[PDB]
Amino acid sequence: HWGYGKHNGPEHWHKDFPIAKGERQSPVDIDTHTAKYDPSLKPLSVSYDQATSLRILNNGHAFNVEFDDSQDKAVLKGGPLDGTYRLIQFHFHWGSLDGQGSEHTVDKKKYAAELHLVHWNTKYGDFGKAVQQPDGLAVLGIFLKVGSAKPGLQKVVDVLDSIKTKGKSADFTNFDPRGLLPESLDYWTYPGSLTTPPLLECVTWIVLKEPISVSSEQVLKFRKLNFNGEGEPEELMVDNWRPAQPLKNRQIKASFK
Ligand code: NI
Ligand code: NI
């Protein structure tokens with residue numbers, strides 16, 4: 001009933017999900033000429049040393065690398081956040097062409113892809129309760145450009161053949177998400193939403209300024225995934241991004257001058 005196809009894409013989502021036209025929808029364009037430095041912000045604290053990855057799943061929209069979130073093993077704190085946010089999964093949004101794929105844009109620039117590390121606020125006890133709160137989630141977004149390979153991505157790329165189609169999963173233990181980060185943790189932040197249905201306005205977005213580089217070969221393998229299930233006509237999993245939504249009555253704040 002929703003997807004990224006010719007007849008169920010983002011421009012249709014409002015019919016089943018009227019919050020698609022809400023006050024705090026994501027993604028947005030980040031205008032670097034209007035975002036303002038906020039000295040009240042603190043450095044990000046990314047604490048992933050104890051992360052436990054479990055599984056990778058093709059959910060028909062993207063793939064999720066899933067983590068054990070039953071303890072404070074991989075947490076995000078600091079920045080704009082109060083309290084402790086646990087990593088539940090990461091996934092990507094990507095294009096059919098190197099000139100599109102990201103959800104956020106920077107001065108209208110689209111990157112080739114965008115990584116989302118999804119975390120929930122432990123004060124709400126579980127993910128499902130967290131998404132019902134305005135401060136329930138924190139998503140760390142990282143842009144991808146095509147250039148050099150990202151070594152820390154390669155283990156993800158090489159499992160993709162095993163989860164080609166919707167509903168397939170594979171064991172994915174002992175993956176270190178630190179290998180997906182850029183050097184700098186400088187960021188922009190603003191209040192927004194999930195970027196897929198149900199589009200809930202429960203996210204503190206934290207979007208890193210510095211992109212990571214991935215190779216053309218790495219991106220090409222993402223583009224071999226399928227939206228469809230096994231034994232169905234092939235629908236390449238590409239262009240699984242929602243375009244920028246109106247900023248409305250929000251301000252984007254920068255952690256850096
Ligand atoms: Ni559907
Ligand atoms: Ni996402």
# chains A, B, ... in the order shown; residues from 1 in each chain; ligands from 1

call {"tool": "select_by_dssp", "arguments": {"residues": "stretch 51-146 of chain A", "states": "helix (DSSP H, G or I)", "output": "JSON, numbers by chain"}}
result
{"A": [122, 123, 124, 127, 128, 129, 130]}

call {"tool": "write_last_selection", "arguments": {"atoms": "N, CA and C atoms", "output": "tab-separated table (two decimals), in the first residue's frame"}}
result
chain	number	residue	atom	x	y	z
A	122	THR	N	15.53	5.20	26.21
A	122	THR	CA	15.29	4.12	27.15
A	122	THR	C	14.25	4.50	28.20
A	123	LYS	N	13.91	5.75	28.41
A	123	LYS	CA	12.89	6.07	29.37
A	123	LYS	C	11.56	5.52	28.99
A	124	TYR	N	11.33	5.16	27.71
A	124	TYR	CA	10.07	4.64	27.27
A	124	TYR	C	10.02	3.12	27.19
A	127	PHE	N	10.80	0.12	21.87
A	127	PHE	CA	10.71	0.88	20.66
A	127	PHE	C	9.30	1.32	20.36
A	128	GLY	N	8.35	0.35	20.49
A	128	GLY	CA	6.98	0.61	20.16
A	128	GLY	C	6.33	1.70	20.98
A	129	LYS	N	6.74	1.83	22.25
A	129	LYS	CA	6.26	2.91	23.09
A	129	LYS	C	6.99	4.21	22.72
A	130	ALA	N	8.29	4.10	22.38
A	130	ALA	CA	9.12	5.29	22.07
A	130	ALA	C	8.56	6.02	20.88

call {"tool": "residues_near_ligand", "arguments": {"ligand": "ligand 2", "cutoff": "12 Å", "atoms": "only C-alpha atoms and all ligand atoms", "output": "VMD selection string"}}
result
chain A and resid 26 to 27 61 to 64 89 to 94 101 to 104 113 to 119 137 to 143 193 to 197 199 203 205 207 240 to 242

call {"tool": "closest_residue", "arguments": {"among": "A:213, A:228, A:218, A:105", "to": "ligand 1", "atoms": "only C-alpha atoms and all ligand atoms"}}
result
A:228

call {"tool": "residues_around", "arguments": {"residues": "residue A:53", "least_positions_apart": "5", "cutoff": "6 Å", "atoms": "only C-alpha atoms", "output": "PyMOL selection string"}}
result
chain A and resi 66-67+173-175

call {"tool": "write_last_selection", "arguments": {"atoms": "N, CA, C and O atoms", "output": "short mmCIF file (atom, residue, chain, number, x, y, z; two decimals), in the first residue's frame"}}
result
data_model
loop_
_atom_site.label_atom_id
_atom_site.label_comp_id
_atom_site.auth_asym_id
_atom_site.auth_seq_id
_atom_site.Cartn_x
_atom_site.Cartn_y
_atom_site.Cartn_z
N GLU A 66 20.19 -5.42 12.52
CA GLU A 66 19.52 -5.40 13.79
C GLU A 66 20.49 -5.66 14.94
O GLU A 66 21.41 -6.47 14.75
N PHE A 67 20.25 -4.99 16.07
CA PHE A 67 21.08 -5.09 17.25
C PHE A 67 20.33 -5.57 18.42
O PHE A 67 19.11 -5.35 18.57
N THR A 173 26.21 -11.34 13.04
CA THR A 173 26.85 -11.11 14.31
C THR A 173 28.17 -10.47 14.15
O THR A 173 28.85 -10.56 13.13
N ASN A 174 28.64 -9.83 15.24
CA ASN A 174 29.98 -9.30 15.33
C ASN A 174 30.30 -8.24 14.30
O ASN A 174 31.46 -8.08 13.91
N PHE A 175 29.34 -7.44 13.94
CA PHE A 175 29.56 -6.27 13.06
C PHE A 175 29.74 -5.02 13.91
O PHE A 175 28.94 -4.77 14.80
#

call {"tool": "residues_near_ligand", "arguments": {"ligand": "ligand 1", "cutoff": "8 Å", "atoms": "only C-alpha atoms and all ligand atoms", "output": "MDAnalysis selection string"}}
result
chainID A and resid 1:3

call {"tool": "closest_residue", "arguments": {"among": "A:31, A:120, A:178, A:41", "to": "residue A:71", "atoms": "only C-alpha atoms"}}
result
A:120

call {"tool": "residues_around", "arguments": {"residues": "residue A:172", "least_positions_apart": "2", "cutoff": "6 Å", "atoms": "only C-alpha atoms", "output": "ChimeraX atom specification"}}
result
/A:54-56

call {"tool": "closest_residue", "arguments": {"among": "A:251, A:165, A:121, A:25", "to": "residue A:237", "atoms": "only C-alpha atoms"}}
result
A:165

call {"tool": "atom_distance", "arguments": {"atom1": "atom CA of residue A:163", "atom2": "atom CA of residue A:239"}}
result
18.1 Å

call {"tool": "select_by_dssp", "arguments": {"residues": "stretch 57-127 of chain A", "states": "strand (DSSP E)", "output": "JSON, numbers by chain"}}
result
{"A": [57, 58, 63, 64, 65, 66, 67, 75, 76, 77, 78, 85, 86, 87, 88, 89, 90, 91, 92, 93, 94, 105, 106, 113, 114, 115, 116, 117, 118, 119, 120, 121]}

call {"tool": "closest_residue", "arguments": {"among": "A:233, A:219, A:9, A:33", "to": "residue A:107", "atoms": "only C-alpha atoms"}}
result
A:33

call {"tool": "residues_around", "arguments": {"residues": "residue A:72", "least_positions_apart": "3", "cutoff": "9 Å", "atoms": "only C-alpha atoms", "output": "list in words"}}
result
residues 50, 51, 69, 75, 84, 85, 86, 87 and 122 of chain A

call {"tool": "write_last_selection", "arguments": {"atoms": "N, CA and C atoms", "output": "PDB file, in the first residue's frame"}}
result
ATOM      1  N   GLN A  50      30.355  -1.935  22.911  1.00  0.00           N
ATOM      2  CA  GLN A  50      29.704  -3.157  23.339  1.00  0.00           C
ATOM      3  C   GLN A  50      28.546  -3.602  22.410  1.00  0.00           C
ATOM      4  N   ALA A  51      28.508  -3.062  21.201  1.00  0.00           N
ATOM      5  CA  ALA A  51      27.413  -3.389  20.303  1.00  0.00           C
ATOM      6  C   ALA A  51      27.334  -4.869  20.044  1.00  0.00           C
ATOM      7  N   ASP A  69      19.055  -4.710  21.706  1.00  0.00           N
ATOM      8  CA  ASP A  69      18.681  -3.492  22.392  1.00  0.00           C
ATOM      9  C   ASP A  69      18.021  -3.768  23.775  1.00  0.00           C
ATOM     10  N   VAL A  75      24.912   2.859  22.518  1.00  0.00           N
ATOM     11  CA  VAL A  75      24.054   3.973  22.908  1.00  0.00           C
ATOM     12  C   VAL A  75      24.548   5.268  22.348  1.00  0.00           C
ATOM     13  N   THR A  84      19.395   8.520  27.444  1.00  0.00           N
ATOM     14  CA  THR A  84      20.173   7.480  26.784  1.00  0.00           C
ATOM     15  C   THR A  84      19.313   6.880  25.688  1.00  0.00           C
ATOM     16  N   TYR A  85      19.899   6.764  24.501  1.00  0.00           N
ATOM     17  CA  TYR A  85      19.165   6.206  23.361  1.00  0.00           C
ATOM     18  C   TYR A  85      19.915   4.967  22.882  1.00  0.00           C
ATOM     19  N   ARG A  86      19.199   3.840  22.791  1.00  0.00           N
ATOM     20  CA  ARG A  86      19.782   2.574  22.396  1.00  0.00           C
ATOM     21  C   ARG A  86      19.644   2.308  20.921  1.00  0.00           C
ATOM     22  N   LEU A  87      20.761   1.849  20.300  1.00  0.00           N
ATOM     23  CA  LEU A  87      20.722   1.417  18.901  1.00  0.00           C
ATOM     24  C   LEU A  87      19.881   0.175  18.718  1.00  0.00           C
ATOM     25  N   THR A 122      15.535   5.205  26.206  1.00  0.00           N
ATOM     26  CA  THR A 122      15.288   4.121  27.150  1.00  0.00           C
ATOM     27  C   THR A 122      14.255   4.505  28.199  1.00  0.00           C
TER      28      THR A 122
END

call {"tool": "closest_residue", "arguments": {"among": "A:32, A:162, A:255, A:154", "to": "residue A:224", "atoms": "only C-alpha atoms"}}
result
A:162

call {"tool": "closest_residue", "arguments": {"among": "A:29, A:40, A:198, A:48", "to": "residue A:131", "atoms": "only C-alpha atoms"}}
result
A:198
